[PDB]
Amino acid sequence: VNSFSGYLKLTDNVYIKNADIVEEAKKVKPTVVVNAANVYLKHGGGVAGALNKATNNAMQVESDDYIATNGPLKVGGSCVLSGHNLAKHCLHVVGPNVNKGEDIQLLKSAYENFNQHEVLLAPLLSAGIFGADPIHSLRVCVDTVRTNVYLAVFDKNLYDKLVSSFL
Ligand SMILES: NC(=O)c1c[nH]c2ncnc(N[C@H]3CCCC=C3Br)c12
């Protein structure tokens with residue numbers, strides 16, 4: 001039993017809700033919140049800009065030190081950093097950005113990072129400003145993640161479409 005509330009169950013291990021991941025993280029304080037990161041951990045917009053803003057820029061400060069030490073992530077890769085006031089940990093995951101020409105096949109590799117964590121609150125990777133089809137992202141999520149994932153979809157209109165079209 002966990003504290004996630006109001007989710008629709010899609011499969012044995014995947015759940016979905018129309019919610020703002022920032023407000024959801026603040027309420028649940030999950031062990032792991034997933035950020036829709038880029039390789040530079042520059043949290044400017046989309047989910048990343050919103051999560052970083054909610055940390056009063058502490059996420060960005062921590063991220064800049066991480067990059068200065070380790071260099072950029074790989075597309076499809078991840079790192080675990082602090083969750084600040086939102087969660088115990090933040091799993092920064094880099095899905096391919098279609099608006100940069102990155103290979104959509106890397107979306108499966110990106111979701112594989114979720115399997116290192118028993119339970120996660122997450123957005124749909126590569127959706128929104130990353131330019132991929134969210135219906136496809138949900139399909140890859142369901143077919144790749146085996147741990148318990150609670151997906152937050154900001155747009156109410158998009159949420160209804162993902163549910164109604166789910167196989
Ligand atoms: N500024 C923002 O993009 C968000 C702030 N919180 C969010 N929670 C969920 N998805 C978000 N964005 C996108 C990316 C994922 C696919 C649908 C949507 Br909608 C955001």
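Both counts, for ligands and for their atoms, begin at 1 and track the order of listing. Because only heavy atoms are used, hydrogens play no part in the values below, and waters and symmetry mates are left out as well, while side chains stay in. Position 1 is the first residue of the sequence; numbering continues from there.
- Interface atoms of ligand 1 facing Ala50, defined by a heavy-atom separation under 4.0 Å, are 5 (C).
- What you find for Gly95 and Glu102 is that their closest heavy atoms are O-OE1, 4.2 Å.
- For ligand 1, the atoms sitting less than 4.0 Å from at least one non-hydrogen atom of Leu124 are 15 (C), numbered in the order shown with element in parentheses.
- Under a 4.0 Å heavy-atom criterion, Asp20 is in contact with ligand 1.
- Residue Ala152 has at least one heavy-atom neighbour below 4.0 Å for each of these atoms of ligand 1: 9 (C).
- Close approach of ligand 1 to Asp155 (heavy-atom distance below 4.0 Å) involves ligand atoms 19 (Br).
- Of all protein heavy atoms, the one lying nearest to atom 15 (C) of ligand 1 is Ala127 CB, 3.3 Å.
- Distance from atom 19 (Br) of ligand 1 to its nearest protein heavy atom, with residue and atom name: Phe154 CB, 3.2 Å.
- Each of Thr144, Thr147, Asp143, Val142 was evaluated against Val14; a single residue qualifies, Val142, per the side chain to side chain contact (heavy atoms under 4.5 Å, CB included) test.
- At the top of the distance list for atom 17 (C) of ligand 1, counting protein heavy atoms only, stands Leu158 CD2, 3.9 Å.
- The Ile21 neighbourhood of ligand 1 comprises atoms 6 (N), 7 (C), 8 (N), with distances under 4.0 Å to a heavy atom of that residue.
- For ligand 1, the polar-atom distance check finds an N/O of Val47 within less than 3.5 Å of one of the ligand's N/O atoms.
- The aromatic rings of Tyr150 and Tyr7 lie perpendicular to each other, with more than 60° between the two planes, well past the 30° mark.
- Side-chain contact between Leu107 and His136 is present, with at least one heavy-atom pair separated by less than 4.5 Å.
- Residue-to-ligand polar distances place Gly46 within reach of ligand 1: an N/O pair is separated by less than 3.5 Å.
- Protein heavy atom at the shortest distance from atom 13 (C) of ligand 1 is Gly128 CA, 3.9 Å.
- Between the side chain of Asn113 and the main chain of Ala110, a donor-acceptor pair closer than 3.5 Å is present.
- The cluster map of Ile, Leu, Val, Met, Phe, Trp and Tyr, joined by side-chain heavy atoms under 4.5 Å apart, puts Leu120 and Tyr111 in the same cluster.
- Evaluation of the ring pair (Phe, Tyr, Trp, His ring centres under 6.0 Å) rule for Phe130 yields no partner, not counting sequence neighbours.
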